[PDB]
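So this one's entry_37.cif, mmCIF, C-alpha atoms and all ligand atoms:
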data_entry
loop_
_atom_site.group_PDB
_atom_site.id
_atom_site.type_symbol
_atom_site.label_atom_id
_atom_site.label_comp_id
_atom_site.auth_asym_id
_atom_site.auth_seq_id
_atom_site.Cartn_x
_atom_site.Cartn_y
_atom_site.Cartn_z
ATOM 1 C CA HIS A 1 -17.673 -7.506 -9.096
ATOM 2 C CA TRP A 2 -15.523 -4.372 -8.191
ATOM 3 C CA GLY A 3 -12.387 -3.327 -10.086
ATOM 4 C CA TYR A 4 -10.702 -0.322 -11.612
ATOM 5 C CA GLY A 5 -12.677 0.116 -14.909
ATOM 6 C CA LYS A 6 -15.340 2.540 -16.234
ATOM 7 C CA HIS A 7 -18.063 0.216 -15.171
ATOM 8 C CA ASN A 8 -16.749 -1.134 -11.852
ATOM 9 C CA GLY A 9 -14.090 1.325 -10.656
ATOM 10 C CA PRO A 10 -13.782 3.488 -7.598
ATOM 11 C CA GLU A 11 -16.781 5.639 -8.396
ATOM 12 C CA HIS A 12 -19.035 2.539 -8.232
ATOM 13 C CA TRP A 13 -17.715 0.975 -5.035
ATOM 14 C CA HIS A 14 -20.158 2.811 -2.740
ATOM 15 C CA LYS A 15 -23.091 0.730 -4.039
ATOM 16 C CA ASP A 16 -21.618 -2.500 -2.550
ATOM 17 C CA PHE A 17 -19.567 -0.831 0.200
ATOM 18 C CA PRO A 18 -21.412 2.263 1.524
ATOM 19 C CA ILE A 19 -18.475 3.064 3.794
ATOM 20 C CA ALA A 20 -16.850 4.328 0.545
ATOM 21 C CA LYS A 21 -18.530 7.655 1.464
ATOM 22 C CA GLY A 22 -17.491 7.398 5.123
ATOM 23 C CA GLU A 23 -15.693 9.863 7.402
ATOM 24 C CA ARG A 24 -12.199 8.364 7.318
ATOM 25 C CA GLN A 25 -11.592 7.101 3.747
ATOM 26 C CA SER A 26 -8.231 6.731 2.096
ATOM 27 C CA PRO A 27 -6.201 7.748 0.227
ATOM 28 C CA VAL A 28 -6.090 11.521 0.642
ATOM 29 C CA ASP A 29 -4.154 14.450 -0.695
ATOM 30 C CA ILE A 30 -1.383 15.412 1.749
ATOM 31 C CA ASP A 31 -1.364 19.247 1.864
ATOM 32 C CA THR A 32 2.198 19.707 3.085
ATOM 33 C CA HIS A 33 1.432 23.245 4.183
ATOM 34 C CA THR A 34 -1.493 22.273 6.411
ATOM 35 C CA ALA A 35 -0.022 19.110 7.918
ATOM 36 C CA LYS A 36 0.944 19.878 11.512
ATOM 37 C CA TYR A 37 4.410 18.982 12.910
ATOM 38 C CA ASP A 38 3.702 16.903 16.005
ATOM 39 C CA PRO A 39 6.729 16.953 18.382
ATOM 40 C CA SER A 40 5.093 14.230 20.420
ATOM 41 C CA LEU A 41 5.272 11.672 17.530
ATOM 42 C CA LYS A 42 8.084 9.149 17.827
ATOM 43 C CA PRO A 43 10.514 7.888 15.147
ATOM 44 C CA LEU A 44 9.106 4.919 13.459
ATOM 45 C CA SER A 45 10.655 1.611 14.510
ATOM 46 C CA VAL A 46 10.816 -0.563 11.392
ATOM 47 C CA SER A 47 12.219 -3.947 12.520
ATOM 48 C CA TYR A 48 12.484 -6.081 9.424
ATOM 49 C CA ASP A 49 15.742 -8.022 10.017
ATOM 50 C CA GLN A 50 13.867 -11.300 10.681
ATOM 51 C CA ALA A 51 11.302 -10.932 7.876
ATOM 52 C CA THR A 52 10.350 -14.223 6.244
ATOM 53 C CA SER A 53 8.899 -13.730 2.770
ATOM 54 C CA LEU A 54 6.908 -16.668 1.396
ATOM 55 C CA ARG A 55 5.059 -16.110 -1.817
ATOM 56 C CA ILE A 56 4.139 -13.533 -4.504
ATOM 57 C CA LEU A 57 0.575 -13.532 -5.845
ATOM 58 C CA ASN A 58 -1.367 -11.829 -8.668
ATOM 59 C CA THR A 59 -4.716 -11.101 -6.960
ATOM 60 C CA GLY A 60 -6.419 -9.923 -10.175
ATOM 61 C CA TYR A 61 -6.208 -6.298 -8.961
ATOM 62 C CA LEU A 62 -2.497 -5.930 -7.987
ATOM 63 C CA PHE A 63 0.330 -8.202 -6.867
ATOM 64 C CA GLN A 64 1.432 -8.828 -3.323
ATOM 65 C CA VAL A 65 4.409 -10.343 -1.546
ATOM 66 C CA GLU A 66 3.303 -12.304 1.516
ATOM 67 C CA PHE A 67 5.291 -12.864 4.738
ATOM 68 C CA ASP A 68 5.121 -15.278 7.639
ATOM 69 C CA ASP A 69 3.030 -13.341 10.166
ATOM 70 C CA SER A 70 2.426 -16.360 12.440
ATOM 71 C CA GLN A 71 5.073 -14.898 14.897
ATOM 72 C CA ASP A 72 6.647 -11.464 15.477
ATOM 73 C CA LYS A 73 9.328 -11.653 12.808
ATOM 74 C CA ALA A 74 9.096 -8.303 11.113
ATOM 75 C CA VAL A 75 7.202 -5.618 12.988
ATOM 76 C CA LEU A 76 6.379 -1.913 12.883
ATOM 77 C CA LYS A 77 6.219 0.013 16.133
ATOM 78 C CA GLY A 78 6.588 3.572 17.368
ATOM 79 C CA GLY A 79 5.527 6.619 15.406
ATOM 80 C CA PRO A 80 1.815 7.226 16.073
ATOM 81 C CA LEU A 81 1.321 3.519 16.960
ATOM 82 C CA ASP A 82 0.482 2.002 20.338
ATOM 83 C CA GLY A 83 1.677 -1.587 20.482
ATOM 84 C CA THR A 84 3.219 -3.970 17.888
ATOM 85 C CA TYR A 85 2.132 -4.359 14.292
ATOM 86 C CA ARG A 86 3.229 -7.465 12.363
ATOM 87 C CA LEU A 87 4.186 -7.266 8.680
ATOM 88 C CA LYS A 88 1.809 -9.415 6.664
ATOM 89 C CA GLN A 89 2.395 -8.420 3.042
ATOM 90 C CA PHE A 90 3.372 -5.661 0.752
ATOM 91 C CA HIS A 91 1.854 -4.623 -2.555
ATOM 92 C CA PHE A 92 1.859 -1.841 -5.080
ATOM 93 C CA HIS A 93 -0.528 0.369 -6.972
ATOM 94 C CA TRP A 94 0.651 1.920 -10.237
ATOM 95 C CA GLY A 95 -0.334 3.796 -13.342
ATOM 96 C CA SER A 96 -0.435 3.514 -17.121
ATOM 97 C CA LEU A 97 1.883 6.586 -17.376
ATOM 98 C CA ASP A 98 4.779 7.728 -15.204
ATOM 99 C CA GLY A 99 2.852 10.668 -13.761
ATOM 100 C CA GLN A 100 -0.007 8.685 -12.219
ATOM 101 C CA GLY A 101 -0.326 5.545 -10.134
ATOM 102 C CA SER A 102 -0.010 6.649 -6.509
ATOM 103 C CA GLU A 103 -3.033 6.634 -4.204
ATOM 104 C CA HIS A 104 -1.888 9.375 -1.877
ATOM 105 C CA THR A 105 -0.820 12.601 -3.467
ATOM 106 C CA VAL A 106 1.450 15.345 -2.085
ATOM 107 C CA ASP A 107 0.258 18.910 -2.814
ATOM 108 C CA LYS A 108 -1.779 17.232 -5.618
ATOM 109 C CA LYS A 109 1.347 15.601 -7.070
ATOM 110 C CA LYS A 110 0.873 11.992 -8.201
ATOM 111 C CA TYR A 111 3.740 9.517 -8.276
ATOM 112 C CA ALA A 112 4.214 6.616 -10.731
ATOM 113 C CA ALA A 113 3.379 4.032 -8.047
ATOM 114 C CA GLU A 114 2.927 3.533 -4.312
ATOM 115 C CA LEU A 115 4.236 0.691 -2.175
ATOM 116 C CA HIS A 116 2.093 -0.394 0.777
ATOM 117 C CA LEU A 117 3.564 -2.507 3.607
ATOM 118 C CA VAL A 118 0.519 -3.847 5.499
ATOM 119 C CA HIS A 119 0.807 -4.652 9.212
ATOM 120 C CA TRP A 120 -1.807 -5.764 11.751
ATOM 121 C CA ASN A 121 -1.974 -5.042 15.482
ATOM 122 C CA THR A 122 -0.949 -8.219 17.308
ATOM 123 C CA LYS A 123 -3.281 -7.420 20.244
ATOM 124 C CA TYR A 124 -6.111 -8.645 17.994
ATOM 125 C CA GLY A 125 -4.561 -12.090 17.422
ATOM 126 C CA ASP A 126 -5.258 -12.491 13.707
ATOM 127 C CA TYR A 127 -5.554 -10.086 10.834
ATOM 128 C CA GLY A 128 -9.195 -10.877 10.266
ATOM 129 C CA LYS A 129 -10.043 -9.670 13.771
ATOM 130 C CA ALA A 130 -7.748 -6.646 13.416
ATOM 131 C CA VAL A 131 -9.704 -5.393 10.370
ATOM 132 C CA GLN A 132 -12.782 -5.131 12.572
ATOM 133 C CA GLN A 133 -11.002 -2.562 14.741
ATOM 134 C CA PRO A 134 -10.389 1.176 14.266
ATOM 135 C CA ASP A 135 -6.699 0.644 15.082
ATOM 136 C CA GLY A 136 -6.322 -2.795 13.534
ATOM 137 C CA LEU A 137 -3.901 -2.097 10.678
ATOM 138 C CA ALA A 138 -0.931 0.131 10.039
ATOM 139 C CA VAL A 139 -0.004 0.634 6.412
ATOM 140 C CA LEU A 140 3.392 2.115 5.607
ATOM 141 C CA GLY A 141 3.207 3.884 2.237
ATOM 142 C CA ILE A 142 6.186 4.768 0.078
ATOM 143 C CA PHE A 143 6.025 6.678 -3.161
ATOM 144 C CA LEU A 144 7.801 5.504 -6.300
ATOM 145 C CA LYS A 145 9.153 8.076 -8.748
ATOM 146 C CA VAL A 146 10.781 7.153 -12.063
ATOM 147 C CA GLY A 147 14.502 7.792 -12.275
ATOM 148 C CA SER A 148 17.381 5.458 -11.423
ATOM 149 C CA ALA A 149 16.635 1.750 -10.783
ATOM 150 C CA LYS A 150 15.924 0.474 -7.296
ATOM 151 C CA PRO A 151 18.258 -2.548 -6.932
ATOM 152 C CA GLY A 152 16.207 -3.942 -4.032
ATOM 153 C CA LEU A 153 13.106 -4.052 -6.267
ATOM 154 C CA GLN A 154 14.654 -6.026 -9.102
ATOM 155 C CA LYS A 155 14.005 -9.483 -7.563
ATOM 156 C CA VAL A 156 10.327 -8.563 -7.486
ATOM 157 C CA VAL A 157 10.280 -7.247 -11.092
ATOM 158 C CA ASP A 158 12.072 -10.354 -12.392
ATOM 159 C CA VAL A 159 9.483 -12.827 -11.050
ATOM 160 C CA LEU A 160 6.422 -10.952 -12.444
ATOM 161 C CA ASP A 161 6.393 -12.877 -15.757
ATOM 162 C CA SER A 162 5.747 -16.045 -13.653
ATOM 163 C CA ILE A 163 2.592 -14.482 -12.143
ATOM 164 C CA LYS A 164 1.240 -12.726 -15.236
ATOM 165 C CA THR A 165 -2.444 -13.570 -14.717
ATOM 166 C CA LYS A 166 -5.017 -13.479 -11.910
ATOM 167 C CA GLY A 167 -4.588 -16.267 -9.392
ATOM 168 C CA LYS A 168 -0.991 -17.172 -10.271
ATOM 169 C CA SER A 169 1.504 -17.389 -7.410
ATOM 170 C CA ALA A 170 5.194 -18.205 -7.097
ATOM 171 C CA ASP A 171 7.554 -18.986 -4.306
ATOM 172 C CA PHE A 172 9.191 -15.822 -3.114
ATOM 173 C CA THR A 173 11.426 -16.723 -0.194
ATOM 174 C CA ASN A 174 14.400 -14.839 1.169
ATOM 175 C CA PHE A 175 13.363 -11.390 0.001
ATOM 176 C CA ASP A 176 14.464 -8.547 2.265
ATOM 177 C CA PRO A 177 11.914 -5.661 2.276
ATOM 178 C CA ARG A 178 14.485 -3.335 3.796
ATOM 179 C CA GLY A 179 15.778 -2.920 0.209
ATOM 180 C CA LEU A 180 12.550 -1.029 -0.654
ATOM 181 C CA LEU A 181 12.936 1.722 2.008
ATOM 182 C CA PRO A 182 14.239 5.244 1.320
ATOM 183 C CA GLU A 183 16.978 6.749 3.542
ATOM 184 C CA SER A 184 14.699 8.884 5.637
ATOM 185 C CA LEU A 185 11.823 7.667 7.798
ATOM 186 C CA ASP A 186 10.243 11.140 8.035
ATOM 187 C CA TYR A 187 6.500 10.609 7.636
ATOM 188 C CA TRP A 188 2.971 11.952 7.648
ATOM 189 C CA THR A 189 0.236 10.067 9.467
ATOM 190 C CA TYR A 190 -3.567 10.139 9.620
ATOM 191 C CA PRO A 191 -6.455 7.778 10.373
ATOM 192 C CA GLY A 192 -7.971 6.182 7.322
ATOM 193 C CA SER A 193 -9.174 3.106 5.553
ATOM 194 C CA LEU A 194 -8.359 0.296 3.157
ATOM 195 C CA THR A 195 -8.145 1.716 -0.328
ATOM 196 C CA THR A 196 -9.899 -1.278 -1.892
ATOM 197 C CA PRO A 197 -13.229 -2.945 -0.979
ATOM 198 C CA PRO A 198 -14.264 -3.541 1.703
ATOM 199 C CA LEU A 199 -12.867 -0.015 2.419
ATOM 200 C CA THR A 200 -12.926 -0.705 6.162
ATOM 201 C CA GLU A 201 -11.893 2.243 8.382
ATOM 202 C CA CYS A 202 -9.289 0.247 10.292
ATOM 203 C CA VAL A 203 -5.977 1.782 9.112
ATOM 204 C CA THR A 204 -3.407 4.093 10.657
ATOM 205 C CA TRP A 205 -1.641 5.443 7.586
ATOM 206 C CA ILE A 206 2.059 6.271 7.772
ATOM 207 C CA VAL A 207 3.255 7.784 4.486
ATOM 208 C CA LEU A 208 7.002 8.411 4.070
ATOM 209 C CA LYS A 209 8.029 11.846 2.764
ATOM 210 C CA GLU A 210 10.976 10.555 0.720
ATOM 211 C CA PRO A 211 10.041 8.606 -2.432
ATOM 212 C CA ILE A 212 12.192 5.795 -3.753
ATOM 213 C CA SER A 213 13.513 5.907 -7.299
ATOM 214 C CA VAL A 214 12.692 3.075 -9.702
ATOM 215 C CA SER A 215 13.660 2.845 -13.315
ATOM 216 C CA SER A 216 11.289 3.318 -16.248
ATOM 217 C CA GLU A 217 11.907 -0.358 -17.077
ATOM 218 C CA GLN A 218 10.991 -1.576 -13.579
ATOM 219 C CA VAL A 219 7.577 0.160 -13.692
ATOM 220 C CA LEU A 220 7.059 -0.878 -17.302
ATOM 221 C CA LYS A 221 7.252 -4.471 -16.097
ATOM 222 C CA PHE A 222 4.518 -3.872 -13.502
ATOM 223 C CA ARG A 223 2.326 -2.738 -16.422
ATOM 224 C CA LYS A 224 2.809 -6.067 -18.229
ATOM 225 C CA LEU A 225 0.817 -7.895 -15.555
ATOM 226 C CA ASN A 226 -2.764 -8.782 -16.357
ATOM 227 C CA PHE A 227 -6.014 -8.268 -14.451
ATOM 228 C CA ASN A 228 -7.537 -11.258 -16.274
ATOM 229 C CA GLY A 229 -6.947 -14.910 -15.578
ATOM 230 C CA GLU A 230 -5.068 -17.263 -17.936
ATOM 231 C CA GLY A 231 -7.109 -18.207 -20.953
ATOM 232 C CA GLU A 232 -9.140 -14.947 -20.869
ATOM 233 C CA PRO A 233 -8.807 -11.799 -22.982
ATOM 234 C CA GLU A 234 -5.856 -9.690 -21.941
ATOM 235 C CA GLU A 235 -6.559 -6.598 -19.815
ATOM 236 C CA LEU A 236 -3.271 -4.962 -18.771
ATOM 237 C CA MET A 237 -2.998 -4.356 -15.036
ATOM 238 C CA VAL A 238 -2.540 -0.563 -14.926
ATOM 239 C CA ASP A 239 -4.254 2.239 -13.037
ATOM 240 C CA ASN A 240 -5.141 0.125 -10.011
ATOM 241 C CA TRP A 241 -5.246 3.169 -7.666
ATOM 242 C CA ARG A 242 -8.095 4.817 -5.834
ATOM 243 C CA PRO A 243 -8.167 8.650 -6.165
ATOM 244 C CA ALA A 244 -7.860 10.984 -3.172
ATOM 245 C CA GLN A 245 -10.946 11.069 -0.950
ATOM 246 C CA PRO A 246 -12.322 13.913 1.162
ATOM 247 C CA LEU A 247 -10.241 14.596 4.242
ATOM 248 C CA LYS A 248 -13.386 15.512 6.221
ATOM 249 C CA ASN A 249 -12.712 15.952 9.909
ATOM 250 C CA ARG A 250 -9.125 14.794 9.964
ATOM 251 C CA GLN A 251 -5.712 16.378 10.624
ATOM 252 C CA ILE A 252 -2.602 14.982 8.938
ATOM 253 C CA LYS A 253 0.377 15.080 11.301
ATOM 254 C CA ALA A 254 4.025 15.383 10.288
ATOM 255 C CA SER A 255 6.900 13.715 12.131
ATOM 256 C CA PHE A 256 9.249 16.452 10.854
ATOM 257 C CA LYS A 257 9.917 20.261 10.254
HETATM 258 N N1 LIG A 301 -4.154 -0.285 -0.082
HETATM 259 S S1 LIG A 301 -4.439 -1.092 1.227
HETATM 260 O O1 LIG A 301 -3.225 -1.327 1.952
HETATM 261 O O2 LIG A 301 -5.543 -0.575 1.959
HETATM 262 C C1 LIG A 301 -4.886 -2.732 0.714
HETATM 263 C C2 LIG A 301 -5.149 -3.082 -0.631
HETATM 264 F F1 LIG A 301 -5.165 -2.213 -1.671
HETATM 265 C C3 LIG A 301 -5.527 -4.288 -1.011
HETATM 266 F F2 LIG A 301 -5.820 -4.537 -2.320
HETATM 267 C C4 LIG A 301 -5.553 -5.362 -0.135
HETATM 268 S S2 LIG A 301 -6.162 -6.897 -0.778
HETATM 269 O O3 LIG A 301 -5.375 -7.185 -2.012
HETATM 270 O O4 LIG A 301 -6.161 -7.917 0.288
HETATM 271 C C5 LIG A 301 -7.862 -6.695 -1.371
HETATM 272 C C6 LIG A 301 -8.952 -6.565 -0.320
HETATM 273 O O5 LIG A 301 -9.067 -5.263 0.303
HETATM 274 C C7 LIG A 301 -5.164 -5.096 1.190
HETATM 275 N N2 LIG A 301 -5.032 -6.131 2.140
HETATM 276 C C8 LIG A 301 -5.313 -6.082 3.578
HETATM 277 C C9 LIG A 301 -6.819 -5.739 3.608
HETATM 278 C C10 LIG A 301 -7.806 -6.934 3.390
HETATM 279 C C11 LIG A 301 -8.507 -7.600 4.611
HETATM 280 C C12 LIG A 301 -7.610 -8.365 5.628
HETATM 281 C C13 LIG A 301 -6.550 -7.500 6.313
HETATM 282 C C14 LIG A 301 -5.092 -7.597 5.790
HETATM 283 C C15 LIG A 301 -4.864 -7.403 4.251
HETATM 284 C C16 LIG A 301 -4.911 -3.799 1.599
HETATM 285 F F3 LIG A 301 -4.607 -3.497 2.903
HETATM 286 ZN ZN ZN A 302 -2.559 -0.536 -1.131
#

Write-out of the structure in structure tokens:
Amino acid sequence: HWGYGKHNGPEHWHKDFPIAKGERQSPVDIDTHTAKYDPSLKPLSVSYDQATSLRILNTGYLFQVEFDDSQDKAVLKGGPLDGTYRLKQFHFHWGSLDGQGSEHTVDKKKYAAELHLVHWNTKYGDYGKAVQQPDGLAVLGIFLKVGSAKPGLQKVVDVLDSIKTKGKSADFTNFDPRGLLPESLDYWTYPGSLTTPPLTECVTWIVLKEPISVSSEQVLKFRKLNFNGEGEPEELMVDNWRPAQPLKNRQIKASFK
């Protein structure tokens, strides 16, 4: 099965998922000098006041916080997007060391982690149909750098010991994702893909320019998760990021400058 190791990591995924070598794969390096300011882009509309978090889950590759997406409670609109995208979940990718962990890079810089808020286009009715479409998902990506703590992240960090191993979940109600956002909503955007199998090319990526600051202790706690299930040898969950992929025939657009 796929994963992040020597024998089943990103460089092997193409054998099961040939789209790994496709024309719109993610993540990518964001060359800030060659990204084009697009005056016709709109401000993002991030409408998260009615978000209903449900559950946090160790998938065996990362952890994710899941929301009620059975109605338009928390939605993403505007920016490069046509229509209404419903928040389904968020998750992170992170490293074994503070200078790696992000999927996107900025002028080749890697951050300690990257937060992904996954949304699906409500014109397709359910998320499983939306993944079959070139404009089915919108993922909002936010970089994490190590510095001062992020208070809005601490509820997430504190529950991780209850979901140490693959397949564990825990109630995670009443969490407000607005606490994970930086001050600015300046962004880059480009068409891309899931960054894990099945690597489907169904994502409009919106990557915020401003990272959030998390403490060394918050990220250390991410690295205490396990890829393995309970009752199996411990494999620390670190380095669950895909490296930058070829940009090919794509332009990254900037909402700013
Ligand atoms: N980085 S990412 O946002 O492209 C991404 C993941 F890294 C990721 F691991 C997941 S996953 O845990 O579900 C593993 C399977 O790819 C999703 N989740 C979305 C993509 C999965 C298909 C259904 C669409 C909505 C969830 C996912 F979108
Ligand atoms: Zn992701």

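Here the PyMOL selection byres (((chain A and resi 194-206) around 7) and not hetatm) catches exactly these residues: residues 17, 19, 20, 24, 25, 26, 27, 131, 132, 133, 134, 135, 136, 137, 138, 139, 140, 141, 187, 188, 189, 190, 191, 192, 193, 207, 208 and 242 of chain A.
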
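With atom CA of residue A:84 on one side and atom CA of residue A:50 on the other, the separation reads 14.8 Å.
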
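Remark: for ligand LIG 301 (chain A), the closest of the candidate residues A:147, A:243, A:22, A:79 is A:243 (distances computed over only C-alpha atoms and all ligand atoms).
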
Specify as a CSV table (one decimal) with C-alpha atoms, keeping the file's coordinate frame each residue included when the PyMOL selection byres (((chain A and resi 230) around 8) and not hetatm) is applied to this file.
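Result file follows (result-v8.csv):
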chain,number,residue,atom,x,y,z
A,165,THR,CA,-2.4,-13.6,-14.7
A,166,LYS,CA,-5.0,-13.5,-11.9
A,228,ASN,CA,-7.5,-11.3,-16.3
A,229,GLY,CA,-6.9,-14.9,-15.6
A,231,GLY,CA,-7.1,-18.2,-21.0
A,232,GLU,CA,-9.1,-14.9,-20.9

(Q) As a check of understanding, name the residues that the PyMOL selection byres (((chain A and resi 57) around 10) and not hetatm) selects in the supplied structure, as a list in words. (A)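 This file, filtered by the PyMOL selection byres (((chain A and resi 57) around 10) and not hetatm), leaves residues 55, 56, 58, 59, 60, 62, 63, 64, 65, 66, 91, 160, 162, 163, 164, 165, 166, 167, 168, 169, 170, 171 and 172 of chain A.
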
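Distances to residue A:43 were evaluated for A:152, A:238, A:76, A:3 using all atoms listed in the file, and the minimum falls at A:76.
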
(Q) For a test of reading the model, state the distance in Å between atom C6 of ligand LIG 301 (chain A) and atom CA of residue A:9, rounded to one decimal. (A)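 Separation between atom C6 of ligand LIG 301 (chain A) and atom CA of residue A:9: 14.0 Å.
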